[PDB]
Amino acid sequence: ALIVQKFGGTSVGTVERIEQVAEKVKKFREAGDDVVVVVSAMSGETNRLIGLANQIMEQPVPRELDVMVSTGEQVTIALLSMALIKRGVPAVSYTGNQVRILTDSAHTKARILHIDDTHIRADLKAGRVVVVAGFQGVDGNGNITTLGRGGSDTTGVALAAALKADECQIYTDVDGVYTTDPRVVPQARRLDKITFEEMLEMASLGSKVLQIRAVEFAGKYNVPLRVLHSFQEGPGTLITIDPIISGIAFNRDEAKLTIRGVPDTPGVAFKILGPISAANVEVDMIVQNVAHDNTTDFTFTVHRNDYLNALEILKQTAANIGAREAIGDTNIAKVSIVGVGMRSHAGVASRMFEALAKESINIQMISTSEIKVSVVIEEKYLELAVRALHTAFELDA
């Protein structure tokens, strides 16, 4: 089997760290696995080089910035090849341009267009470990490019798709993706497998370490993704596609906006949300129930930072379209159960509502998906709701 492994800046932050990465990679190769390793620049180099450029200009030239920042990964790919060769395991380093990770022309934010499997496949069949520079490529004209944040993660997943790897392993600080935030529920436990769809629905698990885009890419190409702690304490979590509920997700940074008595006619929903979109306000939830006497209510949710901007915009719309009023509330939290199998089982929503009612928590809003039920409650109840649902659905440990 073929495996793609990606190592973050911390993992390769020092020579001592790189030597350790090599030792592990040695173990996989020793097991009969062909290995492709994706590495990032050692810690501080990417920020240090960017800082060197901003030292030169306030808005540094995107095309030239790419050739500066891209060098960091090139130092790293060589050291790990050396630390591997020293350990008796053959390795070859690859530049972005050497493999041929063909990309966009958007300079500090380039997107992968095509990856040549021919040169790497030959190195793998010759028994060598391929060490690829993460976060780089070149456009159709030969100009160097950088992917953007999470670029290395993207590269690893893109290599996994083009090479049709068995799985792509992302090494990081966390031991996996958990049933819920362990800071909130100490009995939260590590998950063995979840679908791409479940992982995306539990957004807050999405963070700085694993970029959301990476989860998105692997899903498009059915790339088995494993998240593990760098030192293999455990198997990690396998995110692939195929326990009544997988997990509990929540968001405390929410504010709700409702426009009441809206005329129930085509185009009105566009009038409500259109101007919000024009202002670049992120919208999370949108809820509209059935009209009565040709009027309805329309509610959506935004981050607290943008609450008043969205509210003043909505008040304008309520004046424009003749609605009864526009009102908002920032004292809310969103709590969700996600899991496949919700689709095949009756009563999952019943059990969630019962568990909230046992705790005297009033449900203000309900929104849904095939694999998700979301509830909006008063912010004070957030941790209690999360714990109530967590024992109720038997995820406790």
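For every residue, the number given is its place in the sequence shown, counted from 1.
J.: Check the entry and tell me how many residues of the deposited sequence have no coordinates between residue 242 and residue 243: none, 1 to 3, 4 to 9, or 10 or more.
T.: Missing in between: 4 to 9 residues.
J.: Return whichever of 324 to 332 and 349 to 357 has the greater mean Cα B factor according to the PDB record.
T.: Comparing 324 to 332 with 349 to 357, the higher mean C-alpha B-factor belongs to 324 to 332.
J.: On mean C-alpha B-factor from the PDB entry, just flag whether 155 to 163 or 171 to 179 is the higher one.
T.: Comparing 155 to 163 with 171 to 179, the higher average CA B-factor belongs to 171 to 179.
J.: Highest Cα B-factor in the deposition, which of 280, 207, 74, 146?
T.: That would be 207, according to the entry.
J.: Using the temperature factors in the entry, find which of 366, 338, 65, 56 has the highest value at its Cα atom.
T.: Top of the list by C-alpha B-factor: 56.
J.: Of the three thirds of its chain by CA temperature factor, lowest, middle or highest, which one includes residue 259?
T.: According to the entry, residue 259 has a C-alpha B-factor in the chain's lowest third.
J.: Comparing against every modelled residue in the chain, figure out the third that the C-alpha B-factor of residue 107 lands in (lowest, middle or highest).
T.: Its C-alpha B-factor belongs to the highest third of this chain's values.
J.: Lowest, middle or highest third of the chain for the C-alpha temperature factor of residue 238?
T.: For residue 238, the deposited C-alpha B-factor lands in the middle third.
J.: State the tercile, meaning the lowest, middle or highest third, of residue 1 with respect to the CA B-factors recorded for its chain.
T.: Highest third - that is where residue 1 ends up once the chain's C-alpha B-factors are sorted.
J.: Grab the CA temperature factor for residue 185 from the record and place it in the lowest, middle or highest third of its chain.
T.: CA B-factor rank for residue 185: lowest third.
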